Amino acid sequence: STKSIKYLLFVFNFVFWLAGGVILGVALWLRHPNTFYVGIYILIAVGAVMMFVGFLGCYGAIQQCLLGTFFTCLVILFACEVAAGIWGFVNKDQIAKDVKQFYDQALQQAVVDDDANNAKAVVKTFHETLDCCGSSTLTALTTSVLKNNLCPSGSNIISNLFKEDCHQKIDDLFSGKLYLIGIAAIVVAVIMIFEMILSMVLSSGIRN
């Protein structure tokens, strides 16, 4: 094949193959009162989908069924994104309250149970991503005074009583910051159609 743009897809999907394997491997590490595990299995499914889809896309450099299956994977994923996009939009508070309950159970097990490497890693990343600590402003104090290894960066104890907690940012992420999720969703939508067109171009180009 003459076109090197077909050769680009191998590197692009191989990134998501390793990312799929890492996300799958990290999700299994977090697996190591079920709502916290309910959110963990979503990461297991996401990590497994990105692995086998990233497998077909990456291994598409070998050049077929393999490539044709990869194109069908992008079509079904695009239709499920539309379904998850419209439904997730109309139920924006349903998943928001579920992210709350996920964060609440993760924070409880991280503070009370000191041997919970999974609960700490989840809440710590939630803290570094949202600049929060504790569920309520009272939980911000209990976490900062006791389990300060969870609060993000060098945030002191006094700085958490005035800052907004995660139960404020989780809602603000879904309410005011829904434009951010819309961007990320469309970004996934435009890279799917871009890989879809480039997949049938590769199939029409590999014919020699």
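Counting begins at 1, following the sequence as shown.
**Student:** Indicate whether the chain is continuous between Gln168 and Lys169 or, if not, how many deposited residues are absent from the coordinates: none, 1 to 3, 4 to 9, or 10 or more.
**Tutor:** Gap between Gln168 and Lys169: none.
**Student:** Test of understanding: from the entry's C-alpha B-factors, which stretch has the higher mean, 125-133 or 72-80?
**Tutor:** It is 125-133.
**Student:** Comparing 154-162 with 135-143, which stretch shows the greater average C-alpha B-factor in the deposited entry?
**Tutor:** Averaged over C-alpha atoms, the B-factors run higher in 154-162.
**Student:** Please work out which residue in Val26, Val46, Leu56, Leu180 has the highest C-alpha B-factor recorded for this crystal structure.
**Tutor:** In this record, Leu180 carries the highest C-alpha B-factor of the candidates.
**Student:** If you rank every modelled residue in this chain by C-alpha B factor, which third holds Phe174: lowest, middle or highest?
**Tutor:** CA B-factor rank for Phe174: highest third.
**Student:** Sorting by Cα B-factor within the chain, modelled residues only, which third would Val11 end up in: lowest, middle or highest?
**Tutor:** Its C-alpha B-factor, which the entry lists for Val11, ranks in the highest third among residues of this chain.
**Student:** Among the modelled residues of its chain, does the C-alpha B-factor of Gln64 lie in the lowest, middle or highest third?
**Tutor:** It belongs to the lowest third of the chain when residues are ordered by C-alpha B-factor.
**Student:** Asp113: which third of its chain by C-alpha temperature factor?
**Tutor:** Top third by C-alpha B-factor.
**Student:** Sort the modelled residues of this chain by their C-alpha B factor and say whether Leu18 lands in the lowest, middle or highest third.
**Tutor:** Middle third by C-alpha B-factor.
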